[PDB]
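> part one of the assembly, not moved from where it sits:
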Amino acid sequence: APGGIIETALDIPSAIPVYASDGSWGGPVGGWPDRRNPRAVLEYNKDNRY
């Protein structure tokens, strides 16, 4: 798991959805905090296999 995923899941506001309304990945917008969807970070990580 990438460094601090949980610690990123906990300071991401609950208003930000997991999925956007076309079915891609949710994220912030406008003034909401500069911080990425953890669930999407876990997806983009899922083949980094040693």
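On my side now, so go ahead. Numbers count the residues shown, from 1 in each chain, chains lettered A, B, ... in the order given.

> so what touches the lengthiest helix in chain A?
The residue-count maximum for a helix in chain A (DSSP state H) belongs to helix A:38-45. Identification of contacts with helix A:38-45 by C-beta atoms under 8 Å, 6 or more residues apart in numbering yields A:1, A:2, A:5, A:8, A:9, A:12, A:18, A:25, A:26, A:27. Where you see a C-beta, it was placed from the backbone N, CA and C, and this is true even at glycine.

> and the last one, which of the three is it?
Assigned with DSSP: H, G, I helix; E, B strand; the rest coil, residue A:27 falls in the coil class.

> from memory it sits against residue A:19, does it?
No - with contacts counted by C-beta atoms under 8 Å, residue A:27 stays clear of residue A:19, the gap being 10.1 Å.

> higher neighbour count, these two?
Set residue A:27 next to residue A:19 and count neighbours by other C-beta atoms under 10 Å: residue A:27 wins out with 15 against 12.

> list the contacts of that one.
Neighbours of residue A:27 in contact, by C-beta under 8 Å, 6+ apart: A:16, A:20, A:36, A:37, A:40.

> now residue A:2. Nearest residue, chain neighbours left out?
residue A:45 (5.5 Å; C-beta to C-beta, 6 or more residues apart in numbering).

> how long is stretch A:34-50 from one end to the other?
30 Å (C-alpha to C-alpha, to the nearest Å).

> can you give me the buried ones in stretch A:30-45?
A:37, A:38, A:41 (16 or more other C-beta atoms under 10 Å).

> revised request: answer the last question for stretch A:10-20.
For stretch A:10-20, the buried set under the neighbour-count rule, 16+ other C-beta under 10 Å, comprises A:12, A:16.

> can you map out the helices along chain A?
Along chain A, counting by DSSP H, helices occupy A:5-9, A:38-45.

> quick one: which of those helices is nearest residue A:31?
helix A:5-9 (18.8 Å; C-beta to C-beta).

> so what touches that closest one?
Contact with helix A:5-9 is made by A:35, A:36, A:38, A:41, A:42, as judged by C-beta under 8 Å, 6+ apart.

> same thing but at 7 Å, please
Here helix A:5-9 makes contact (C-beta atoms under 7 Å, 6 or more residues apart in numbering) with A:35, A:38, A:41, A:42.

> looking at the residues you listed, which is nearest residue A:49?
Among these, residue A:42 lies closest to residue A:49 (C-beta to C-beta), at 13.7 Å.

> next, name the residue at the spatial heart of chain A.
For chain A, the residue sitting closest to the mean C-alpha position, by C-alpha atoms, centre = their mean, is residue A:37 at 1.2 Å.

> here's chain B, drop it on:
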Amino acid sequence: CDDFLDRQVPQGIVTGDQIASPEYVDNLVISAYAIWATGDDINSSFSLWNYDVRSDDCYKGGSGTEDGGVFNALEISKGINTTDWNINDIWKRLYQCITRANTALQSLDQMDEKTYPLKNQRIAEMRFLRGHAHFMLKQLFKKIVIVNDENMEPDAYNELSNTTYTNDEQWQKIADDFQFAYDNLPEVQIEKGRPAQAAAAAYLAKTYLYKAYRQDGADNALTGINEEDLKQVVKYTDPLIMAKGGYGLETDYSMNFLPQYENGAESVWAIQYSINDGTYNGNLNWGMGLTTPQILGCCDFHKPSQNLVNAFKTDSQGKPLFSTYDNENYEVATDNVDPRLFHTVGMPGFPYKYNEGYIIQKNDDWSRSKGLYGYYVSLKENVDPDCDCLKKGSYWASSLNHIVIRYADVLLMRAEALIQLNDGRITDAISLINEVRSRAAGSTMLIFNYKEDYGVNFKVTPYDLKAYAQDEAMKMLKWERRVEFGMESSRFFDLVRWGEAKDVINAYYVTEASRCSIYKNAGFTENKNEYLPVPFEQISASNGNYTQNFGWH
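Let me put chain B in with the others:
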């Protein structure tokens, strides 16, 4: 079994007993330039733009007052703590710069002038960079440690003090390097990254100009204006020196802030950001990563203030409105305006950095703060979105150079030192001020069509070459500096040079709280806030050698 432990050796490293060798000497040199491109941080750029929000030119921006907390505390002058992480950060970062210059200088001293005749010219460049860092430190802290013995061993550093020298003795040590660079730099640098003689002279003068506004007392207030200092500012701003370098004003004002015109004749000395160069993504100007507007996703910091937008208003003769500018906000259809505004602030309803395909508006696309901090966009460090010169790293950055000395500074500094000398040379300074003002009046490449498309009335006029009072010519000089250097982050440092810091910033705090409610409980403190606190971590690690600044105990 002793051969066994000596057999492994370090991997991929020069050990600090081969660094002084001659084949690495120019390596130490280029290394010493790079940290100006590479040793800063979005929250601590070497433009010092973060610590220019304290002046009347700009806001912090961001999501709100919680986004970048320690910087909103500097904007309003309430809540700064000697322990804030950002003040400590910049103190350590600039002193990191001095490491590479002094390490270069250590190895340079042992070179044989017969085997290496560029020896003095590189000592010059290295001493020039040392003073660059020292100057910015002084602007930020005033009571600084002078680290200019490059033959100091490392443990000798625990005994250094920031009161070893008096304030005027400090500034002379900064001067003393710039003074060297002048005497040994060649007049033309075909490699534009290195300063020429003219640059060191420009910088020698600037330093004596800050040095002349004496603070010889225990506090930060003025204790006099030295004429021997001002007589040096005039000396090294001589156009004869400058002409030897090929330096001068550009045709159009916007040329100094566009990638297509790097290192023209006004870039007296600059930091050479670059792309497509082997580095991981840079060498971009990463330090301005917060200032890119919301339209790129993030982050909307370093916004111009209305007090700056209105300061570009002009009367019917094209002169500024010294006594009445800030009363009514600039109305595009009615009032006359200085062209310099449309290369400094990007306003709603106007093309963002000259790209008509991006019209700034008042919406979630342009203000991250829903208008808390306004809808203006600094333009002197952003670029065209369509630029091939703009990459996305952690934050968004360009390769647009950073001009430390523009040449308009050489002229306005010269004018100030003539006006304050009041030896009857004030009409030669009004001729300088006009050079800068006449240029801008005509600087309408890229915004010529703004008259018929958006309704903009350009009118800027030079002053009539007559007799003027000192106190009046110092008003005309401050205003030229005000419009000419908007958002370029010499602002607050000017008000502290002039000793007006308290009065101007408090007045601004009042006038502007009706327009940006973060300024509503602001209060500057005379004899405390003209400088930053010596950082607590740094005092505390000195074990008694560092004195704090006045008004912080």
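
> go back to the buried residues of stretch A:30-45, now with chain B?
Within stretch A:30-45, the residues that qualify as buried are A:31, A:37, A:38, A:41, counting by 16 or more other C-beta atoms under 10 Å in any protein chain shown.

> what's the neighbour count on the nearest residue to the third one once chain neighbours are set aside?
Read that as residue A:38. In space, and not counting its chain neighbours, residue A:38 is closest to residue A:9: 4.5 Å by C-beta to C-beta, 6 or more residues apart in numbering or on different chains. Neighbourhood size, residue A:9 [other C-beta atoms under 10 Å in any protein chain shown]: 13.

> residue B:50 belongs to a helix?
Yes - membership of residue B:50 in a helix is supported by three-state DSSP.

> and residue B:242, how far from residue B:348?
Separation of residue B:242 from residue B:348 (C-beta to C-beta, to the nearest Å): 39 Å.

> neighbour count winner among these two?
Neighbour comparison, residue B:242 and residue B:348: the larger count goes to residue B:242, with 23 against 16 (by other C-beta under 10 Å).

> sec struct for that one, please.
helix.

> that one reaches residue B:409, doesn't it?
No - using C-beta atoms under 7 Å, residue B:242 is not in contact with residue B:409; the gap is 11.4 Å.

> my read is residue B:357 is in a helix, agree?
No - under three-state DSSP, residue B:357 falls outside any helix and is assigned strand.

> hmm, back to that, so who does the residue nearest to the centre of chain A touch?
For residue A:37, the contact set (C-beta atoms under 7 Å, 6 or more residues apart in numbering or on different chains) comprises A:18, A:25, A:26, A:27.

> could I get those residues as TSV with distance to chain B?
Shown next, in TSV, are those (distance: C-beta to the nearest C-beta, whole Å):
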residue	distance to chain B
A:18	20
A:25	15
A:26	15
A:27	10
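
> and these, which is closest to residue B:210?
Closest to residue B:210, out of all of the contacts of residue A:37 and judged by C-beta to C-beta, is residue A:27, at 46.8 Å.

> check the secondary structure at residue B:105 for me.
Assigned with three-state DSSP, residue B:105 falls in the helix class.

> export the longest helix of chain A as CSV, just CAs?
Extracted in CSV, the C-alpha atoms of helix A:38-45 (Å, rounded to 0.1, in the frame of the first residue of the first chain):
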residue,chain,number,x,y,z
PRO,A,38,-7.4,7.3,-2.2
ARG,A,39,-9.5,4.6,-3.8
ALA,A,40,-8.1,5.7,-7.2
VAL,A,41,-4.6,5.8,-5.8
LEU,A,42,-5.0,2.2,-4.7
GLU,A,43,-6.2,1.3,-8.2
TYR,A,44,-3.3,3.0,-9.9
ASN,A,45,-0.9,1.2,-7.6
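
> and the strands in chain B?
Assignment of strands within chain B using DSSP state E yields the ranges B:213-214, B:224-225, B:269-271, B:313-314, B:336-337, B:345-346, B:351-352, B:355-359, B:377-378, B:390-392, B:396-398, B:402-405, B:457-458.
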